[PDB]
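Worksheet: the structure to be examined is printed underneath.
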Amino acid sequence: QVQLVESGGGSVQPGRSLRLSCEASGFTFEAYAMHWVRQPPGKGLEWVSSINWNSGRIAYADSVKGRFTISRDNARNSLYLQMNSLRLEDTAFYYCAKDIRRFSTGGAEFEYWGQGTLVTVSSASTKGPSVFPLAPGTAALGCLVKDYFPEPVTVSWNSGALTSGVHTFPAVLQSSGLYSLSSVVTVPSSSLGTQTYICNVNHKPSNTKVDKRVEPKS
Amino acid sequence: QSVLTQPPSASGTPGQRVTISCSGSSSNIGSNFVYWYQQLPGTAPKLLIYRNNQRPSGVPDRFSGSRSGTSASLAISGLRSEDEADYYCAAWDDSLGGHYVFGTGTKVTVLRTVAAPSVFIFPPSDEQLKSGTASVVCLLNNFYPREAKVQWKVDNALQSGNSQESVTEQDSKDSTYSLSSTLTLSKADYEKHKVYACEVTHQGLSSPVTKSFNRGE
């Protein structure tokens, strides 16, 4: 099964540079043209760049021509996108995509996409979150993940053993320039003295991972 | 820049047939294959239709696409709540030495019956208070439709300019929405009042619901 994992995202200052990478497996990478597509959060889709199987053919969208350089390493099943002179409007999820055709040279048909890496172009500096408990027939509890930058945080419960009833809310930007969000879950009231509830908070841009036990208060 | 025009939204009841239009030009749709992509919330676009009407294996046959002149169309038969997503068409455009054009995108909403929210309120934790700030969180769980009025009263005084709302996308199993509303105060302002209350008025309620607590109980 085809797999595509982008990395290199995070926040970067306007005017500076950032190099994104994509790791591929589950197909013959050196037989396929590869593509970058981007999407600013909450918006539509915009093709960025294409490179064919042997790097003999390369194309760019006008919005990035002269600033971005696409490249690949067939020996390492890897696709690269060097981005220079970044502007705020380059803020976006960057997706890696594998063409449907073998050994094509022109155009672009997007068959499989990686889940994307988020690039935040900003003057703000990177900051890890604080995690606070939202303490408890049905009971609600959760965690409050406050004052971090940039997006994203992911939240699981009991390490993925608890999915039913979970709402992790879209983050919102506070007037302070930091993000905040809550993840909550509804569970049986009968379980609160017996069942342990831990939210697992992950903020890759700051290399922060937090397991927060959420208990009923005194 | 060039774009293919799609309606911003489309809806249907479960089991109905929703169709999404996509209009472009003679140099893109009129000349090249049309692709369709489905984007579920929190995920990357996934290939839904290729080459105007081909289905990748794994895509149910209730998805079909068609191209005619400078227009294309997607049809979702047997609409299911799992189909709540954004849909994009796309085609290559031969003008200006060639470039890839995406549609503006359509959000598909599954229509269902009105459902009142379940309301919970969470006082600030002492761990947060000990750093100088108080967040009070009001949770609205699984309600329909999306519009809702969520207000804060502190000792019965209506609040303004100190709360932020967040709403989930339509749930993939029950087609409802959830919403958080978060009131923020400094420790010192939080400490000078007693009753904290969020009131929720919604189409599934015959009259507003209030959840409240007394600071320190």
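As shown in the structure tokens, the chain order sets the letters A, B, ...; within each chain, residues go from 1, and ligands are also counted from 1 in the order they appear.
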Against chain A, which residues of chain B fall within 8 Å? For each one I want the closest pair of atoms and the distance in Å (one decimal), counting only C-alpha atoms, rows by chain and increasing residue number, as a tab-separated table.
residue	atom	partner	partner_atom	distance
B:35	CA	A:109	CA	7.9
B:43	CA	A:115	CA	6.2
B:44	CA	A:115	CA	5.0
B:45	CA	A:113	CA	6.9
B:46	CA	A:112	CA	6.8
B:47	CA	A:111	CA	5.8
B:92	CA	A:107	CA	6.7
B:98	CA	A:107	CA	7.6
B:99	CA	A:61	CA	6.9
B:100	CA	A:47	CA	6.3
B:101	CA	A:46	CA	7.5
B:102	CA	A:45	CA	6.2
B:103	CA	A:45	CA	8.0
B:104	CA	A:44	CA	6.2
B:105	CA	A:44	CA	6.7
B:120	CA	A:140	CA	6.9
B:122	CA	A:134	CA	5.9
B:123	CA	A:134	CA	7.7
B:124	CA	A:134	CA	7.6
B:125	CA	A:133	CA	6.6
B:127	CA	A:132	CA	7.0
B:128	CA	A:132	CA	6.6
B:164	CA	A:172	CA	7.7
B:165	CA	A:172	CA	8.0
B:166	CA	A:170	CA	6.2
B:167	CA	A:169	CA	6.6
B:168	CA	A:169	CA	5.8
B:178	CA	A:167	CA	7.5
B:179	CA	A:169	CA	7.7
B:180	CA	A:169	CA	7.4
Practice prompt. Determine which residues of segment 92-195 of chain A DSSP labels as strand (DSSP E or B) from the backbone of this structure, then write them out as a PyMOL selection string.
Written response: chain A and resi 92-102+110-113+117-121+127+130-134+138-149+154-157+162+166-168+172-173+179-188
Discussion item. For residue 75 of chain B, find every residue with an atom within 8 Å (counting only C-alpha atoms), except residues of its own chain fewer than 5 positions away, and show them as a VMD selection string.
Written reply: chain B and resid 17 to 20 62 to 65
Limited to C-alpha atoms, could you put the picked residues into a file as a PDB file, in the first residue's frame?
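The resulting file, selection-v1.pdb, is shown below:
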ATOM      1  CA  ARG B  17     -28.666  11.994  -4.824  1.00  0.00           C
ATOM      2  CA  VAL B  18     -26.554  15.167  -4.600  1.00  0.00           C
ATOM      3  CA  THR B  19     -24.890  16.571  -7.717  1.00  0.00           C
ATOM      4  CA  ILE B  20     -22.069  19.128  -7.822  1.00  0.00           C
ATOM      5  CA  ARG B  62     -22.587   5.542  -6.065  1.00  0.00           C
ATOM      6  CA  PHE B  63     -19.910   8.128  -6.989  1.00  0.00           C
ATOM      7  CA  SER B  64     -20.037   9.014 -10.694  1.00  0.00           C
ATOM      8  CA  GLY B  65     -18.701  11.871 -12.783  1.00  0.00           C
TER       9      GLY B  65
END
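The interatomic distance for the pair atom CA of residue 10 of chain B and atom CA of residue 176 of chain B works out to 16.5 Å.
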Discussion item. Which residues are close to residue 200 of chain A, i.e. within 10 Å by only C-alpha atoms, leaving aside same-chain residues fewer than 5 positions away? Reply as a PyMOL selection string.
Written reply: chain A and resi 131+143+154-160+209-213
Written selection (N, CA, C and O atoms) as a tab-separated table (two decimals), in the first residue's frame:
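Dumped to part24.tsv:
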chain	number	residue	atom	x	y	z
A	131	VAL	N	-1.20	22.28	29.27
A	131	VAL	CA	-2.32	21.35	29.24
A	131	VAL	C	-3.01	21.37	30.60
A	131	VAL	O	-2.38	21.05	31.62
A	143	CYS	N	-9.42	18.02	28.15
A	143	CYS	CA	-8.22	18.79	28.42
A	143	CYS	C	-8.30	20.10	27.65
A	143	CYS	O	-8.87	20.14	26.56
A	154	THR	N	-2.15	17.61	17.97
A	154	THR	CA	-3.02	16.45	17.91
A	154	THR	C	-3.30	16.00	19.33
A	154	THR	O	-2.49	16.20	20.24
A	155	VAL	N	-4.46	15.39	19.54
A	155	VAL	CA	-4.87	14.92	20.86
A	155	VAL	C	-5.47	13.53	20.72
A	155	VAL	O	-6.40	13.33	19.93
A	156	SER	N	-4.94	12.58	21.47
A	156	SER	CA	-5.59	11.29	21.60
A	156	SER	C	-6.00	11.08	23.06
A	156	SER	O	-5.63	11.83	23.97
A	157	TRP	N	-6.81	10.06	23.29
A	157	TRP	CA	-7.23	9.71	24.64
A	157	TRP	C	-6.89	8.26	24.92
A	157	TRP	O	-7.12	7.38	24.09
A	158	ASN	N	-6.34	8.03	26.12
A	158	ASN	CA	-5.85	6.72	26.54
A	158	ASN	C	-5.09	6.06	25.40
A	158	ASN	O	-5.26	4.87	25.11
A	159	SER	N	-4.27	6.88	24.73
A	159	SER	CA	-3.34	6.42	23.71
A	159	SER	C	-4.05	5.78	22.52
A	159	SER	O	-3.51	4.89	21.87
A	160	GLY	N	-5.24	6.26	22.19
A	160	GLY	CA	-5.99	5.73	21.08
A	160	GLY	C	-6.97	4.65	21.44
A	160	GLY	O	-7.75	4.23	20.58
A	209	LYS	N	5.39	16.57	24.06
A	209	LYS	CA	4.42	15.50	24.21
A	209	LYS	C	4.01	15.43	25.67
A	209	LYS	O	4.88	15.38	26.54
A	210	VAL	N	2.70	15.46	25.93
A	210	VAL	CA	2.18	15.55	27.29
A	210	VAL	C	1.07	14.53	27.49
A	210	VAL	O	0.12	14.47	26.70
A	211	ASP	N	1.19	13.73	28.54
A	211	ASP	CA	0.14	12.82	28.98
A	211	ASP	C	-0.49	13.45	30.22
A	211	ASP	O	0.14	13.48	31.28
A	212	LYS	N	-1.72	13.93	30.12
A	212	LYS	CA	-2.39	14.60	31.22
A	212	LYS	C	-3.50	13.70	31.77
A	212	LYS	O	-4.48	13.41	31.07
A	213	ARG	N	-3.34	13.25	33.02
A	213	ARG	CA	-4.41	12.54	33.70
A	213	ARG	C	-5.46	13.54	34.15
A	213	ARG	O	-5.13	14.58	34.75
